[PDB]
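Colleague: Dropping in my_file17.txt, which is compact mmCIF, C-alpha atoms:
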# COMPACT_ATOMS: atom_id res chain seq x y z
CA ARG A 321 -78.41 -53.73 -78.84
CA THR A 322 -77.46 -54.43 -75.13
CA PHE A 323 -77.47 -50.79 -73.86
CA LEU A 324 -79.13 -49.81 -70.57
CA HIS A 325 -81.91 -47.19 -71.26
CA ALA A 326 -82.39 -44.48 -68.57
CA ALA A 327 -86.16 -44.31 -69.08
CA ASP A 328 -88.25 -41.12 -68.90
CA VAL A 329 -91.50 -42.06 -67.02
CA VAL A 330 -94.68 -39.86 -67.03
CA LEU A 331 -97.73 -41.07 -64.99
CA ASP A 332 -100.98 -42.09 -66.81
CA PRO A 333 -104.00 -40.17 -65.41
CA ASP A 334 -106.49 -42.67 -67.01
CA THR A 335 -105.09 -45.47 -64.76
CA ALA A 336 -104.96 -43.40 -61.51
CA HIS A 337 -107.29 -44.45 -58.62
CA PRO A 338 -109.50 -41.37 -57.97
CA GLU A 339 -107.86 -40.56 -54.55
CA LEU A 340 -104.52 -40.00 -56.45
CA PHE A 341 -103.84 -36.39 -57.62
CA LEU A 342 -101.26 -36.09 -60.49
CA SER A 343 -99.05 -32.95 -60.75
CA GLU A 344 -99.52 -30.78 -63.90
CA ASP A 345 -96.30 -32.34 -65.41
CA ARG A 346 -97.65 -35.86 -64.41
CA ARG A 347 -94.18 -36.73 -63.00
CA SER A 348 -95.45 -36.78 -59.35
CA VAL A 349 -98.59 -37.99 -57.50
CA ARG A 350 -100.03 -37.47 -53.95
CA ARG A 351 -103.10 -39.05 -52.23
CA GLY A 352 -105.39 -35.98 -51.88
CA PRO A 353 -108.28 -35.14 -49.58
CA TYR A 354 -111.24 -36.94 -51.32
CA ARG A 355 -112.31 -38.96 -54.44
CA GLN A 356 -111.98 -36.88 -57.68
CA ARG A 357 -114.92 -36.90 -60.21
CA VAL A 358 -113.12 -39.21 -62.73
CA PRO A 359 -114.85 -41.85 -64.91
CA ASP A 360 -114.48 -45.56 -63.89
CA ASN A 361 -112.77 -46.36 -67.28
CA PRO A 362 -111.51 -50.01 -67.41
CA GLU A 363 -107.77 -49.02 -67.14
CA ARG A 364 -108.42 -47.20 -63.78
CA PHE A 365 -107.56 -48.96 -60.48
CA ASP A 366 -110.94 -48.58 -58.62
CA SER A 367 -109.90 -49.95 -55.10
CA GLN A 368 -106.05 -50.18 -54.82
CA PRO A 369 -104.64 -46.58 -54.77
CA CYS A 370 -102.43 -47.26 -57.86
CA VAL A 371 -101.24 -45.52 -61.08
CA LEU A 372 -99.06 -46.78 -64.00
CA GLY A 373 -96.35 -45.09 -66.01
CA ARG A 374 -97.60 -44.30 -69.56
CA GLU A 375 -94.44 -45.84 -71.17
CA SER A 376 -94.37 -49.62 -71.92
CA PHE A 377 -91.28 -51.82 -72.52
CA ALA A 378 -91.42 -54.91 -74.81
CA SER A 379 -87.65 -55.74 -74.83
CA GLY A 380 -84.16 -54.69 -73.61
CA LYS A 381 -82.99 -53.05 -70.36
CA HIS A 382 -84.61 -49.99 -68.72
CA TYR A 383 -84.39 -48.22 -65.33
CA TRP A 384 -85.93 -45.15 -63.72
CA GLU A 385 -85.70 -43.54 -60.24
CA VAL A 386 -88.45 -42.67 -57.72
CA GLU A 387 -88.23 -40.15 -54.81
CA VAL A 388 -90.16 -41.50 -51.72
CA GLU A 389 -88.76 -39.23 -48.99
CA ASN A 390 -91.38 -38.69 -46.19
CA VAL A 391 -93.84 -41.27 -47.63
CA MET A 392 -94.86 -43.93 -45.01
CA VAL A 393 -96.69 -46.39 -47.36
CA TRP A 394 -95.60 -46.77 -51.05
CA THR A 395 -95.05 -49.51 -53.69
CA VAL A 396 -92.76 -49.31 -56.77
CA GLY A 397 -92.06 -51.89 -59.48
CA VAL A 398 -93.19 -53.18 -62.89
CA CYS A 399 -96.51 -54.82 -64.00
CA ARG A 400 -97.85 -56.51 -67.13
CA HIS A 401 -99.59 -53.69 -69.08
CA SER A 402 -102.83 -55.83 -68.96
CA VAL A 403 -102.92 -56.68 -65.14
CA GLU A 404 -106.41 -56.72 -63.45
CA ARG A 405 -107.25 -53.20 -61.98
CA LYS A 406 -110.70 -53.80 -60.38
CA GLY A 407 -111.38 -54.83 -56.73
CA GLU A 408 -108.96 -56.01 -53.97
CA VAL A 409 -106.25 -57.35 -56.38
CA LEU A 410 -103.15 -59.12 -54.94
CA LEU A 411 -100.07 -57.06 -56.05
CA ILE A 412 -97.88 -60.21 -56.48
CA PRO A 413 -95.91 -61.87 -59.36
CA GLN A 414 -98.69 -64.47 -59.98
CA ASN A 415 -101.09 -61.59 -61.07
CA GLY A 416 -98.21 -59.89 -63.03
CA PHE A 417 -96.93 -57.42 -60.36
CA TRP A 418 -93.18 -57.21 -59.37
CA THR A 419 -92.94 -54.74 -56.48
CA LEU A 420 -91.01 -53.22 -53.55
CA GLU A 421 -93.13 -51.58 -50.79
CA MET A 422 -92.84 -49.68 -47.49
CA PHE A 423 -95.51 -50.98 -44.98
CA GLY A 424 -95.49 -50.80 -41.12
CA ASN A 425 -92.07 -49.07 -41.31
CA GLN A 426 -90.43 -51.99 -43.19
CA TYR A 427 -89.28 -52.77 -46.75
CA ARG A 428 -91.14 -55.77 -48.17
CA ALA A 429 -90.42 -57.68 -51.43
CA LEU A 430 -93.40 -58.78 -53.65
CA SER A 431 -95.89 -56.92 -51.30
CA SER A 432 -95.39 -59.83 -48.78
CA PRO A 433 -95.14 -59.92 -44.95
CA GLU A 434 -92.86 -63.07 -45.21
CA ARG A 435 -90.18 -61.03 -47.14
CA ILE A 436 -88.74 -58.16 -45.01
CA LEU A 437 -85.61 -56.49 -46.52
CA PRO A 438 -83.45 -55.66 -43.47
CA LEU A 439 -82.17 -52.34 -44.93
CA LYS A 440 -79.81 -50.66 -42.38
CA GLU A 441 -81.17 -47.23 -43.50
CA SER A 442 -84.10 -45.19 -44.96
CA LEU A 443 -84.54 -45.14 -48.82
CA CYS A 444 -84.87 -41.59 -50.37
CA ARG A 445 -84.49 -42.39 -54.12
CA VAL A 446 -85.28 -45.92 -55.43
CA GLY A 447 -84.01 -47.30 -58.76
CA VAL A 448 -86.39 -49.69 -60.65
CA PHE A 449 -84.45 -51.93 -63.09
CA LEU A 450 -85.98 -54.11 -65.85
CA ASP A 451 -84.11 -56.58 -68.10
CA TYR A 452 -87.02 -57.79 -70.31
CA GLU A 453 -85.40 -60.88 -71.92
CA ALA A 454 -83.75 -61.99 -68.58
CA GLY A 455 -87.12 -61.78 -66.70
CA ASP A 456 -85.40 -59.44 -64.21
CA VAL A 457 -87.05 -56.79 -62.01
CA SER A 458 -84.42 -55.40 -59.56
CA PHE A 459 -84.39 -52.49 -57.07
CA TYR A 460 -81.57 -50.10 -55.98
CA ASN A 461 -80.82 -47.49 -53.32
CA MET A 462 -79.74 -44.58 -55.60
CA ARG A 463 -77.97 -42.96 -52.57
CA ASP A 464 -74.92 -45.26 -53.25
CA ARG A 465 -76.42 -47.43 -56.13
CA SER A 466 -76.51 -50.55 -53.84
CA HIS A 467 -78.68 -53.58 -54.84
CA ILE A 468 -81.85 -54.08 -52.67
CA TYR A 469 -83.82 -56.90 -54.37
CA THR A 470 -84.18 -58.91 -57.60
CA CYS A 471 -87.63 -60.58 -58.04
CA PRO A 472 -87.71 -64.30 -58.94
CA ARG A 473 -87.06 -64.57 -62.74
CA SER A 474 -90.44 -64.47 -64.62
CA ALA A 475 -91.23 -64.60 -68.39
CA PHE A 476 -93.17 -61.29 -68.94
CA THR A 477 -94.83 -62.46 -72.27
CA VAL A 478 -96.45 -59.05 -73.08
CA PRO A 479 -95.25 -55.44 -72.68
CA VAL A 480 -94.75 -54.19 -69.09
CA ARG A 481 -95.26 -50.76 -67.48
CA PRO A 482 -93.94 -48.88 -64.44
CA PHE A 483 -96.16 -49.63 -61.38
CA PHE A 484 -96.86 -47.29 -58.39
CA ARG A 485 -99.00 -47.39 -55.19
CA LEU A 486 -99.41 -44.45 -52.73
CA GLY A 487 -100.84 -45.76 -49.37
CA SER A 488 -99.95 -42.65 -47.24
CA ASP A 489 -101.56 -39.13 -47.24
CA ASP A 490 -98.23 -37.62 -46.10
CA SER A 491 -96.05 -36.56 -49.12
CA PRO A 492 -95.95 -36.95 -52.93
CA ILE A 493 -94.09 -39.67 -54.90
CA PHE A 494 -91.80 -38.00 -57.53
CA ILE A 495 -90.63 -39.86 -60.68
CA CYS A 496 -87.17 -38.44 -61.61
CA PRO A 497 -87.17 -37.21 -65.25
CA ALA A 498 -84.34 -38.71 -67.37
CA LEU A 499 -81.44 -36.21 -67.79
CA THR A 500 -82.01 -34.10 -70.95
CA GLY A 501 -79.04 -31.65 -70.90
CA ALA A 502 -79.99 -28.35 -72.64
CA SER A 503 -82.51 -30.15 -74.89
CA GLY A 504 -84.86 -27.50 -76.39
CA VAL A 505 -83.17 -24.61 -74.43
CA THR A 506 -80.99 -21.65 -75.62
CA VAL A 507 -77.26 -22.12 -74.73
CA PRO A 508 -75.68 -18.66 -74.59
CA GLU A 509 -71.99 -17.76 -75.08
CA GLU A 510 -70.78 -18.56 -71.49
CA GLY A 511 -72.79 -21.83 -71.44
CA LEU A 512 -75.96 -22.75 -69.54
CA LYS A 513 -75.26 -22.44 -65.76
CA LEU A 514 -77.43 -24.05 -62.98
CA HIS A 515 -80.59 -24.60 -65.14
CA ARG A 516 -83.91 -25.07 -63.19
CA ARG B 321 -82.19 -42.44 -81.17
CA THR B 322 -84.64 -40.67 -78.74
CA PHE B 323 -83.72 -42.85 -75.68
CA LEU B 324 -80.95 -41.96 -73.14
CA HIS B 325 -78.10 -44.54 -72.96
CA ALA B 326 -76.81 -45.20 -69.39
CA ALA B 327 -73.27 -45.95 -70.70
CA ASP B 328 -70.99 -48.59 -69.09
CA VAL B 329 -67.61 -46.75 -69.03
CA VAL B 330 -64.31 -48.65 -68.48
CA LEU B 331 -61.00 -46.72 -68.60
CA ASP B 332 -58.53 -47.41 -71.47
CA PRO B 333 -55.08 -48.26 -69.94
CA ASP B 334 -53.26 -47.30 -73.19
CA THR B 335 -54.46 -43.66 -72.81
CA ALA B 336 -53.59 -43.34 -69.11
CA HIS B 337 -50.73 -40.96 -68.12
CA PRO B 338 -47.97 -43.00 -66.37
CA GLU B 339 -48.72 -41.52 -62.87
CA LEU B 340 -52.33 -42.80 -63.10
CA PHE B 341 -52.92 -46.14 -61.31
CA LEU B 342 -56.01 -48.02 -62.64
CA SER B 343 -57.96 -50.53 -60.52
CA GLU B 344 -57.96 -54.19 -61.71
CA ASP B 345 -61.53 -53.66 -63.15
CA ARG B 346 -60.33 -50.30 -64.79
CA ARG B 347 -63.48 -48.56 -63.32
CA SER B 348 -61.44 -46.37 -60.89
CA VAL B 349 -58.08 -44.56 -61.00
CA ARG B 350 -55.75 -42.65 -58.65
CA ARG B 351 -52.70 -40.44 -59.16
CA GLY B 352 -49.82 -42.44 -57.60
CA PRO B 353 -46.48 -41.45 -56.02
CA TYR B 354 -44.35 -42.40 -59.10
CA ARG B 355 -44.36 -42.75 -62.90
CA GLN B 356 -45.22 -46.37 -63.94
CA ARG B 357 -43.19 -48.21 -66.62
CA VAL B 358 -45.89 -48.28 -69.34
CA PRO B 359 -45.08 -48.60 -73.08
CA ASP B 360 -44.88 -45.28 -74.88
CA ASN B 361 -47.71 -45.28 -77.44
CA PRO B 362 -49.25 -42.43 -79.42
CA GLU B 363 -52.59 -42.85 -77.50
CA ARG B 364 -50.98 -42.15 -74.05
CA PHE B 365 -51.27 -38.75 -72.32
CA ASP B 366 -47.57 -38.01 -71.57
CA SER B 367 -47.78 -34.59 -69.66
CA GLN B 368 -51.35 -34.14 -68.31
CA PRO B 369 -52.58 -36.79 -65.83
CA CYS B 370 -55.53 -37.90 -68.05
CA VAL B 371 -57.24 -41.13 -69.18
CA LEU B 372 -60.23 -41.84 -71.49
CA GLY B 373 -63.09 -44.31 -71.47
CA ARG B 374 -62.42 -47.22 -73.88
CA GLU B 375 -65.75 -46.72 -75.81
CA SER B 376 -66.33 -43.82 -78.26
CA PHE B 377 -69.73 -42.28 -79.28
CA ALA B 378 -70.56 -40.98 -82.82
CA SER B 379 -74.36 -40.56 -82.38
CA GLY B 380 -77.16 -40.52 -79.77
CA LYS B 381 -77.55 -39.49 -76.12
CA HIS B 382 -75.28 -41.04 -73.44
CA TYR B 383 -74.54 -40.41 -69.76
CA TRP B 384 -72.33 -41.78 -66.97
CA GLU B 385 -71.69 -40.87 -63.30
CA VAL B 386 -68.31 -40.25 -61.64
CA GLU B 387 -67.52 -40.24 -57.88
CA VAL B 388 -64.99 -37.43 -56.96
CA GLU B 389 -65.42 -37.59 -53.12
CA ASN B 390 -62.28 -36.14 -51.40
CA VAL B 391 -60.61 -35.46 -54.79
CA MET B 392 -59.28 -31.85 -54.64
CA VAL B 393 -58.06 -31.63 -58.29
CA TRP B 394 -60.17 -33.32 -61.04
CA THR B 395 -61.61 -32.80 -64.56
CA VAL B 396 -64.50 -34.81 -66.09
CA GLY B 397 -66.21 -34.45 -69.43
CA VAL B 398 -65.95 -35.44 -73.12
CA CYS B 399 -63.17 -35.13 -75.74
CA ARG B 400 -62.71 -35.92 -79.45
CA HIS B 401 -60.99 -39.33 -79.95
CA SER B 402 -58.27 -37.38 -81.87
CA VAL B 403 -57.32 -34.73 -79.24
CA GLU B 404 -53.55 -34.02 -78.89
CA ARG B 405 -52.12 -36.59 -76.33
CA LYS B 406 -48.50 -35.25 -76.30
CA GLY B 407 -47.26 -32.14 -74.45
CA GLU B 408 -49.05 -29.40 -72.44
CA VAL B 409 -52.47 -29.24 -74.18
CA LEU B 410 -55.01 -26.62 -72.98
CA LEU B 411 -58.16 -28.62 -72.03
CA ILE B 412 -60.53 -26.23 -73.87
CA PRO B 413 -63.28 -26.67 -76.54
CA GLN B 414 -60.90 -25.27 -79.25
CA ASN B 415 -58.70 -28.42 -78.71
CA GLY B 416 -61.72 -30.82 -78.54
CA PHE B 417 -62.21 -30.88 -74.67
CA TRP B 418 -65.62 -30.17 -73.00
CA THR B 419 -65.04 -30.32 -69.23
CA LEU B 420 -65.95 -29.40 -65.65
CA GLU B 421 -63.07 -29.29 -63.14
CA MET B 422 -62.38 -28.64 -59.45
CA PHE B 423 -59.42 -26.19 -59.22
CA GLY B 424 -58.30 -24.29 -56.08
CA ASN B 425 -61.53 -25.22 -54.21
CA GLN B 426 -63.55 -23.76 -57.16
CA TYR B 427 -65.65 -25.36 -59.91
CA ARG B 428 -64.75 -24.14 -63.44
CA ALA B 429 -66.40 -24.97 -66.79
CA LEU B 430 -64.16 -25.35 -69.89
CA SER B 431 -60.99 -25.31 -67.67
CA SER B 432 -61.31 -21.45 -67.56
CA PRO B 433 -60.95 -18.97 -64.64
CA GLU B 434 -63.73 -16.89 -66.42
CA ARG B 435 -66.27 -19.81 -66.00
CA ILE B 436 -66.45 -20.23 -62.19
CA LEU B 437 -69.73 -22.00 -61.19
CA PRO B 438 -71.05 -20.67 -57.83
CA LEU B 439 -72.26 -24.06 -56.37
CA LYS B 440 -73.67 -24.11 -52.77
CA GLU B 441 -72.36 -27.67 -52.08
CA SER B 442 -69.26 -29.87 -52.63
CA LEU B 443 -69.87 -32.30 -55.58
CA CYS B 444 -69.58 -36.06 -54.78
CA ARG B 445 -71.34 -37.82 -57.73
CA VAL B 446 -71.17 -35.95 -61.09
CA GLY B 447 -73.29 -36.95 -64.11
CA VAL B 448 -71.68 -36.45 -67.55
CA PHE B 449 -74.35 -36.18 -70.32
CA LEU B 450 -73.70 -36.24 -74.12
CA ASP B 451 -76.20 -35.48 -76.91
CA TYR B 452 -73.94 -36.00 -79.97
CA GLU B 453 -76.27 -34.57 -82.73
CA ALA B 454 -77.30 -31.62 -80.44
CA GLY B 455 -73.60 -30.79 -79.69
CA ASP B 456 -74.52 -31.04 -75.96
CA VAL B 457 -72.07 -31.81 -73.12
CA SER B 458 -73.89 -31.24 -69.78
CA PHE B 459 -72.97 -31.88 -66.09
CA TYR B 460 -75.33 -32.84 -63.23
CA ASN B 461 -75.06 -33.07 -59.46
CA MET B 462 -76.40 -36.64 -59.01
CA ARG B 463 -77.29 -36.04 -55.31
CA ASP B 464 -80.49 -34.16 -56.40
CA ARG B 465 -80.03 -34.76 -60.23
CA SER B 466 -79.80 -30.94 -60.59
CA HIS B 467 -78.24 -29.32 -63.72
CA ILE B 468 -74.70 -27.82 -63.19
CA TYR B 469 -73.64 -26.68 -66.74
CA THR B 470 -74.06 -27.16 -70.49
CA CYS B 471 -71.08 -26.16 -72.66
CA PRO B 472 -71.71 -23.87 -75.66
CA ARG B 473 -73.00 -26.27 -78.36
CA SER B 474 -70.16 -27.61 -80.55
CA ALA B 475 -70.01 -29.74 -83.72
CA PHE B 476 -68.13 -32.82 -82.36
CA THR B 477 -67.32 -33.78 -86.02
CA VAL B 478 -65.53 -37.05 -84.89
CA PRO B 479 -66.35 -39.74 -82.27
CA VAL B 480 -65.98 -38.57 -78.63
CA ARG B 481 -64.82 -40.41 -75.48
CA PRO B 482 -65.29 -40.04 -71.71
CA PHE B 483 -62.42 -37.76 -70.51
CA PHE B 484 -60.87 -37.64 -66.99
CA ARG B 485 -58.00 -35.72 -65.39
CA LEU B 486 -56.84 -36.49 -61.83
CA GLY B 487 -54.39 -33.82 -60.48
CA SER B 488 -54.34 -34.69 -56.69
CA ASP B 489 -52.65 -37.85 -55.16
CA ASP B 490 -55.33 -37.98 -52.39
CA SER B 491 -58.31 -40.11 -53.53
CA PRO B 492 -59.44 -42.27 -56.46
CA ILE B 493 -62.09 -41.25 -59.01
CA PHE B 494 -64.73 -44.03 -59.48
CA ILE B 495 -66.78 -44.45 -62.68
CA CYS B 496 -70.17 -45.87 -61.50
CA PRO B 497 -70.83 -49.07 -63.51
CA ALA B 498 -74.15 -49.29 -65.41
CA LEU B 499 -76.80 -51.06 -63.22
CA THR B 500 -77.03 -54.77 -64.31
CA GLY B 501 -79.66 -56.21 -61.87
CA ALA B 502 -79.07 -60.01 -61.49
CA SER B 503 -77.07 -60.36 -64.77
CA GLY B 504 -74.60 -63.29 -64.20
CA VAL B 505 -76.05 -64.12 -60.69
CA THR B 506 -78.45 -67.00 -59.68
CA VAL B 507 -81.81 -65.54 -58.47
CA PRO B 508 -83.10 -67.96 -55.77
CA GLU B 509 -86.90 -68.78 -55.73
CA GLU B 510 -86.86 -66.33 -52.71
CA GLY B 511 -85.44 -63.65 -55.10
CA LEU B 512 -81.94 -62.07 -54.62
CA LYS B 513 -81.46 -59.80 -51.49
CA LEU B 514 -78.81 -57.03 -50.76
CA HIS B 515 -76.34 -58.35 -53.47
CA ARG B 516 -72.69 -57.16 -52.80
Spit out the file's structure as structure tokens when you get a sec.

Modeller:
Amino acid sequence: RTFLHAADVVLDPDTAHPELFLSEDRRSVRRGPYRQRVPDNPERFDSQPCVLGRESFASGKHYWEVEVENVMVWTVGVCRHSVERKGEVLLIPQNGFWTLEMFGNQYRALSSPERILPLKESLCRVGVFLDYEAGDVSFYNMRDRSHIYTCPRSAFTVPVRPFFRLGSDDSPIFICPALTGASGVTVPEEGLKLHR
Amino acid sequence: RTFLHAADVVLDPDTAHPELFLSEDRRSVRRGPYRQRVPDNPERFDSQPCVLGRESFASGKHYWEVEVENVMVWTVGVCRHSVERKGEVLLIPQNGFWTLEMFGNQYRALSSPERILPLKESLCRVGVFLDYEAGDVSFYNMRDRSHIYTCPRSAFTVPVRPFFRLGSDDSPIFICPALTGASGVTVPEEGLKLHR
């Protein structure tokens, strides 16, 4: 009904700019040392170093969490599933992108230089919040679950997807899997202790 | 279903032991210096300093996060709606309690001295995860989202509720509200910034 979903987000290799290298579990990405031999399929970002989450939301409330520790240049947010991928695209609401980025050591709303977020501190884990019907894309510091930014209310119209950009060469972006408990694992007599 | 519910947990004042002091919003609680004049009612813990979440779960996957910073004696987890409220009840699976506790500077699963969890760090934010159909009650350290413990799988049989015990009169426990983005707040055309 009106439940918040803690979404499980896996990256889509068919959308990934060729400089982006996906982990084997597809839950993390790093900008690697060249341009992989990947087809220029129409869902692939060919210029902007971007990748989408595979999952798409068409209603209700969803959030997921992104680890960005030791990444200089990154973008997180939501996009229309059908946004333009090809050429020097503007990552702004008008083209169906709702984003937070780190650029020149600052936090910037809607990939804009006229929107600095004067955060007192460094973000390690970012929460990306979507209320589909409310037109709401919001961002959180998951250190203390403090609000960072809500994008201007937009009607989404079509399904939306998790959006990512990795500018820097420096460290991976990790998408935090949704908690699963012991799902699919043996729980012995004393319980399952410190699973990894 | 298949999706993880980020539950919004508010404490039920009718369950709360008389030495428990709830916040106005009922989203935090402390053990106070005296017994409050609260109606007797069958739902009230009368001997153990416990309180339940208002909402019960009969199906699906749910989780919520609890802040226990500077709380020396605490229990979090899940219990059957119908657990014994009156008298000294052992907080064990047999009596419908699935818990993690801090006790004598030690972490113990199932309120048992034979279930000591050898953690390297002091817990501050604890995730409580429920998979009703799987019989799964799991605990997470929400600093790094790392697994602490899954109880031996149990047939819940009846609806279950968030369970809390607060033994020490030092610090409140806080139940982290579900993220809501800009719900009930005007988003300016500039978008909403560091909401507090």

Colleague: Using all atoms listed in the file, determine which residues lie at most 8 Å from stretch 437-448 of chain B, disregarding the query and same-chain residues fewer than 4 positions distant; provide the list as a tab-separated table (two decimals) with C-alpha atoms, keeping the file's coordinate frame.

Modeller:
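The resulting result.tsv:
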chain	number	residue	atom	x	y	z
A	513	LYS	CA	-75.26	-22.44	-65.76
B	383	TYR	CA	-74.54	-40.41	-69.76
B	384	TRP	CA	-72.33	-41.78	-66.97
B	385	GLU	CA	-71.69	-40.87	-63.30
B	386	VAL	CA	-68.31	-40.25	-61.64
B	387	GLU	CA	-67.52	-40.24	-57.88
B	388	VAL	CA	-64.99	-37.43	-56.96
B	389	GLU	CA	-65.42	-37.59	-53.12
B	396	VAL	CA	-64.50	-34.81	-66.09
B	397	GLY	CA	-66.21	-34.45	-69.43
B	426	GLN	CA	-63.55	-23.76	-57.16
B	427	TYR	CA	-65.65	-25.36	-59.91
B	428	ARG	CA	-64.75	-24.14	-63.44
B	429	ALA	CA	-66.40	-24.97	-66.79
B	457	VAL	CA	-72.07	-31.81	-73.12
B	458	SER	CA	-73.89	-31.24	-69.78
B	459	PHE	CA	-72.97	-31.88	-66.09
B	460	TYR	CA	-75.33	-32.84	-63.23
B	461	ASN	CA	-75.06	-33.07	-59.46
B	462	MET	CA	-76.40	-36.64	-59.01
B	463	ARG	CA	-77.29	-36.04	-55.31
B	468	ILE	CA	-74.70	-27.82	-63.19

Colleague: Within 8 Å of chain A, which residues of chain B show up when using all atoms listed in the file, listed as a ChimeraX atom specification?

Modeller: /B:323-327,435,437,449-451,454,456-459,463,465-473,498-499,501-503,507-516

Colleague: Name the closest residue to residue A:349 among the candidates A:416, A:433, A:369, A:362; distances are taken between atoms, counting all atoms listed in the file.

Modeller: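 The answer is A:369, which sits nearest to residue A:349.
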
Colleague: How many Å lie between atom CA of residue A:431 and atom CA of residue A:394, rounded to one decimal?

Modeller: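 Straight-line distance from atom CA of residue A:431 to atom CA of residue A:394 works out to 10.2 Å.
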
Colleague: Atom CA of residue A:479 and atom CA of residue A:342, how far apart in Å?

Modeller: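 Separation of atom CA of residue A:342 and atom CA of residue A:479: 23.6 Å.
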